[PDB]
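Residue numbers (this note's numbering), protein chains in the order written: chain A, 1 to 204; chain B, 205 to 436; chain C, 437 to 468; chain D, 469 to 774; chain E, 775 to 1040.
Each residue gets a CB set at the ideal place from its N, CA and C atoms; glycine is no exception.
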Amino acid sequence: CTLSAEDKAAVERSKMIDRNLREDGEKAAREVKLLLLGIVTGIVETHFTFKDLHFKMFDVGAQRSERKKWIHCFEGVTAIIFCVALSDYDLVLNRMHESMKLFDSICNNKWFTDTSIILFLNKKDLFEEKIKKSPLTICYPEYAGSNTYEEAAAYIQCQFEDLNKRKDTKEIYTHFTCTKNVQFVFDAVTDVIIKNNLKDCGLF
Amino acid sequence: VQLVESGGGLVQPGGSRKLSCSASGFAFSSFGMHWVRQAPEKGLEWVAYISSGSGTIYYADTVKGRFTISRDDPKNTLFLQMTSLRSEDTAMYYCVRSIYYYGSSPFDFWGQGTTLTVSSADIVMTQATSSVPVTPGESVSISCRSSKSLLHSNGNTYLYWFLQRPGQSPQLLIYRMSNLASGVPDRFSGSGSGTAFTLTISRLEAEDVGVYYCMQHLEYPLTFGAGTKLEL
Amino acid sequence: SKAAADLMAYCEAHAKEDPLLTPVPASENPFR
Amino acid sequence: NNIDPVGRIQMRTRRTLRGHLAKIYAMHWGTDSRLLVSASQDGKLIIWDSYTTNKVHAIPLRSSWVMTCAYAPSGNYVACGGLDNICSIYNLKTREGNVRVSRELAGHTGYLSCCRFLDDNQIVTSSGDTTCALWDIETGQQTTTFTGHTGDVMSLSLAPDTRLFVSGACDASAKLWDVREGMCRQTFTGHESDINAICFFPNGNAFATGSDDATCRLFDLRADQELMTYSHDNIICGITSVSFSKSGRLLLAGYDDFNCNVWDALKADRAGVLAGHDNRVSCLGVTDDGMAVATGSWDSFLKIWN
Amino acid sequence: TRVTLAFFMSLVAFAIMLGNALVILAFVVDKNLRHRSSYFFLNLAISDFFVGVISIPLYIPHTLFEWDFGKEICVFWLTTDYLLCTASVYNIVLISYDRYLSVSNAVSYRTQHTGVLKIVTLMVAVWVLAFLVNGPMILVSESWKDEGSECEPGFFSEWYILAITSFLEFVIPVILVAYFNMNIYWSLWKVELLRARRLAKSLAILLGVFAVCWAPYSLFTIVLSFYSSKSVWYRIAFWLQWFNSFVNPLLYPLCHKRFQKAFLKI
Ligand SMILES: CN1CCN(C2=Nc3cc(Cl)ccc3Nc3ccccc32)CC1
């Protein structure tokens, strides 16, 4: 042995530090990290708990810069919440084109290849009253449906959902925003867990 | 920081006695602790050592198998239990902190000490002299000897210089033979060569006379000298 | 050329003080 | 053309430092050339013992979205920052024996990219607000703020002489700034995309930038132009980190091809691959006495070479 | 001649040995493999290692050239061989149960923090259970010591004992593996057609390889021991039993993504 009386204590100190690091990693490696984009300066972190599960949601809408130099730090998230409206389909700023461009950019991005996406549509009552005198023909001239909410809503839903280019790897769980949002996201993350779980041990 | 101890007094030979230490104003559970002593008329002696995490435990060969050391981290307390006490065990004891990581300063704080009067190849250090009368306004040079070379393989040296004033507890003047502990006047120095080392108090002033000691911490047990009595 | 000369001159002067350029024999290297 | 090539410089992993679990984003060398500091998404900042591969200190954080860390030149304090717009400063040497956070500099709104100490009382920060700032730690408020970027600032470095500093932003531009007055000394351009890594040459007469367009560059502070370009055809990915050595011959450049490359800073053409990571190279540094090189990558392992 | 047969038996043994040595190496090298799956696969590889170094080369001469065992060696040979095979099957079942708990109740499978004591408890219960099921019967056999006899446990004279042993080592593993895989399929299925077909095919392949490589010998042995107290098909079934440990390090711990990374680093 080529140590003094105190290098042994130095080694013991390093061992305690290693144990503490490993324990903290075990504690922090079993939480579900969801990123919210569009229900509720810099990152606004929100924590809550549901059915023995720890949800850490990131409200990141306060940043005033692009996403290229900013989003890759969320590589390991379980899922993305996406929130958009239906009532503003015709409001020229319009808004449907912006939302569709955002969704296409997000869904077909490499960092979220295996990452599913939850998608919400809200402000549906204003849309329903609007279509009474303002049909979708203003924004969808090719639309040839009945002047009822159901056909138009299905049209819009399939319009967004037909943008998926990764049909056999990740799905989209579309739900009309109306406490059913928490139940929807819980079921979605359970199914994400199962599908990503029977994948790392073969089973295709 | 603060260290306050309980358990001292007069004890009959034999039996057992336990001395406890309470820490205040620092992170207790990241420190190793030593119990040291000083004879009622002679120099210092070491007793025992416990380290961080309640792992390593060391006793002196004189006290081996009869003194046991322990700690308690939630309440910031330290214990030395003492069995097989004999009349030669009379002394006054010090609880000394020591944090062992790279660059730290061990022995940087000593408690107020508690009195306890009882009714081989070990490196023993011989204090070079016993009294040097030096008038105030002139430098003081004190030395001590060692039984064994102290340069370890890692380039270190392990000699410690302490000072004690009347009615008081020691303080750390020099640690590892060359370093000056922060919180003391910067007119001290230490030097020397193998097994023969020296402390220097330059431009002696008042309240700077008393007993001086050296220590070795290269391998257990820990020992002391006699203690040079610098007087006026 | 003046700017490049200034930086290259500093490289030459501190040549022998760079272990990564001239690896020290294991007698003095603490990382073995 | 008269400079002899250093040739193939092989290096061996003397120490593999394990203990970081998630991704690693920053590291800085200490002043005694023996202690190290590393930042990860465990919310951890670790001070390593380098000689014996020991751990000296471990520090938890508050905002786990870190991007940078710093080491006080006197060994007393550390600092960190990230996506939360504020810069935190911790005191290492207290009689209490534990590291405590002494200062919390606030007043930014864009994400902090970097922070470096001036002395025990002055610091410099650059964030996503497109603005740099000099902070006086004792007072707690900026003494001067620097405006003139149109895009987020991703790097800065402090001169050895401790009088100036250079920053770079997502505008494919860099800016040299005085410290005590507030003027913009100079503005440099030339990259084809955003700049994400800058370093300060030890002689104080040059600096090097890394880009997300498969190129590294050296500019000169006085000549106001780019000096050198460092890229290879087999490379298509982006730079992440840049550093120099004591003499400056070895420019250590991280990449996204998973392989650190040591470049002969004078011939602009050499790649001493320090292969050995399984992921993207994030951070890297070199000791004051040149005794080692440390690299850290996305795989959570930190490697020491000489 | 017999030289070719000996060469091929030794070739099979060497292949088994290497196949499990690689798993053991890639678990001791990389420190990111400290989950349940890697510990269980290591148990599997160790249980399959000793078949290639002890049983096969020791068995080659006893039937090939000369019956140079005696009791003091053949007792050891029997005990080792039986213990290893049973332990390998039980590790297969344990991995599949891990897999079923994976996608049966995944909420409770995500927030547990038990580190070593539990895992090594399981890794040791496997071997203890394998021994206490198979081993204590070989040693208690005495009639098998008749002079001039080929060495094989005495309880071959009792078909009931063979039935109990094969029930506690063939019926239960195939039932458990089939149930776990079917529940995995249902719990996923309740674009989509291709994924469902891939999952069904892979699960069928695993269960089928198990059944093919372990049914004939048990069936043929109990058939011969029933009333007709050796033909070439007996050798076929005998070696088909050992031929599982050739593929068991190829289905489970080579498809896995983490272990694939661990191997490709080397
Ligand atoms: C190459 N192989 C090695 C193992 N081996 C048997 N192995 C077990 C072990 C257990 Cl626990 C249950 C059932 C069986 N099958 C058997 C049935 C009849 C005779 C022998 C066996 C015989 C030869």
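Endpoints, alpha helix (DSSP H) assigned at residue i
i: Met96(A); result: 95 to 107
i: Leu779(E); result: 777 to 803
i: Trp1013(E); result: 1006 to 1016
i: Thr484(D); result: From DSSP, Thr484(D) is part of no alpha helix (DSSP H) but of the beta strand (DSSP E) over 481 to 485.
i: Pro947(E); result: 946 to 963
i: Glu12(A); result: 7 to 28
i: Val890(E); result: Unbroken run through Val890(E): none, as it is neither H nor E.
i: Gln242(B); result: Note, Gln242(B): premise wrong, no alpha helix (DSSP H); beta strand (DSSP E) at 236 to 242.
i: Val546(D); result: Premise fails: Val546(D) lies in the beta strand (DSSP E), 545 to 550, not in any alpha helix (DSSP H).
Nearest candidate by alpha-carbon position, reference residue i, set the options
i: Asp681(D); options: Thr618(D), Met622(D), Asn664(D); result: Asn664(D)
i: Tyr263(B); options: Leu248(B), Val240(B), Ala231(B); result: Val240(B)
i: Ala449(C); options: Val754(D), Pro670(D), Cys728(D), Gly636(D); result: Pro670(D)
i: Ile554(D); options: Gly543(D), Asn566(D), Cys537(D), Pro541(D); result: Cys537(D)
i: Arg290(B); options: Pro217(B), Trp365(B), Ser324(B); result: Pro217(B)
i: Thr148(A); options: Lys133(A), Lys110(A), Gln183(A); result: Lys133(A)
i: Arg571(D); options: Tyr493(D), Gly608(D), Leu644(D); result: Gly608(D)
i: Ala85(A); options: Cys201(A), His97(A), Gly76(A), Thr78(A); result: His97(A)
i: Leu91(A); options: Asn108(A), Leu126(A), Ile80(A), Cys107(A); result: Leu126(A)
Separation of residue j from residue i, as counted between CA atoms
i: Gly219(B); j: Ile273(B); result: 17 Å
i: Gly257(B); j: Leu282(B); result: 13 Å
i: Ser308(B); j: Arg301(B); result: 11 Å
i: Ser226(B); j: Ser542(D); result: 33 Å
i: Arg22(A); j: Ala743(D); result: 27 Å
i: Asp604(D); j: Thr611(D); result: 7 Å
i: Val827(E); j: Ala970(E); result: 41 Å
i: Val965(E); j: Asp168(A); result: 5 Å
i: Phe311(B); j: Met444(C); result: 49 Å
i: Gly982(E); j: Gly922(E); result: 39 Å
i: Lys170(A); j: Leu503(D); result: 45 Å
i: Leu560(D); j: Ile790(E); result: 56 Å
i: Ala325(B); j: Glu292(B); result: 22 Å
i: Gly38(A); j: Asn122(A); result: 11 Å
i: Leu980(E); j: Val11(A); result: 48 Å
i: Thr755(D); j: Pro455(C); result: 10 Å
i: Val189(A); j: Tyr545(D); result: 42 Å
i: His617(D); j: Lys452(C); result: 41 Å
i: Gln375(B); j: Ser382(B); result: 16 Å
i: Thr778(E); j: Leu785(E); result: 10 Å
i: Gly678(D); j: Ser750(D); result: 12 Å
i: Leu426(B); j: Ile798(E); result: 47 Å
Range of the contiguous beta strand (DSSP E) that encloses residue i
i: residue 181(B); result: Residue 181(B) cannot be examined here, being either before or after the span of chain B that is shown, 205 to 436.
i: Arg653(D); result: 652 to 657
i: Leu443(C); result: Premise fails: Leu443(C) lies in the alpha helix (DSSP H), 438 to 449, not in any beta strand (DSSP E).
i: residue 202(B); result: Coverage of chain B is limited to positions 205 through 436, which leaves residue 202(B) absent and any answer about it impossible.
i: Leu718(D); result: 718 to 721
i: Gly394(B); result: 392 to 397
i: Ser224(B); result: 220 to 228
Proximal residues to residue i (C-beta, below 6 Å), its chain only, five neighbours per side dropped
i: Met696(D); result: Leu686, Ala736
i: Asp724(D); result: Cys705, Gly706, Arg748
i: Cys348(B); result: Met329, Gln331, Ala332, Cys418, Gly429
Contact set for residue i: own chain, Cβ-Cβ below 7 Å, skip 5 residues either direction
i: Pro990(E); result: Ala1011, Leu1014
i: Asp767(D); result: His745, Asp746, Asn747
i: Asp732(D); result: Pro473, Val474, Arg717, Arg738
i: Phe232(B); result: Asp277, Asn280
Sequence-distant residues of its chain with Cβ nearer than 8 Å to residue i (five each side left out)
i: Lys523(D); result: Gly487, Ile514, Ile515, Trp516, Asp517
i: residue 244(A); result: In the structure as shown, chain A begins at 1 and stops at 204. Residue 244(A) is therefore absent and cannot be evaluated.
i: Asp114(A); result: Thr169, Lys170, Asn196
i: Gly211(B); result: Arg221, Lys222, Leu223, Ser224, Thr318, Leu320
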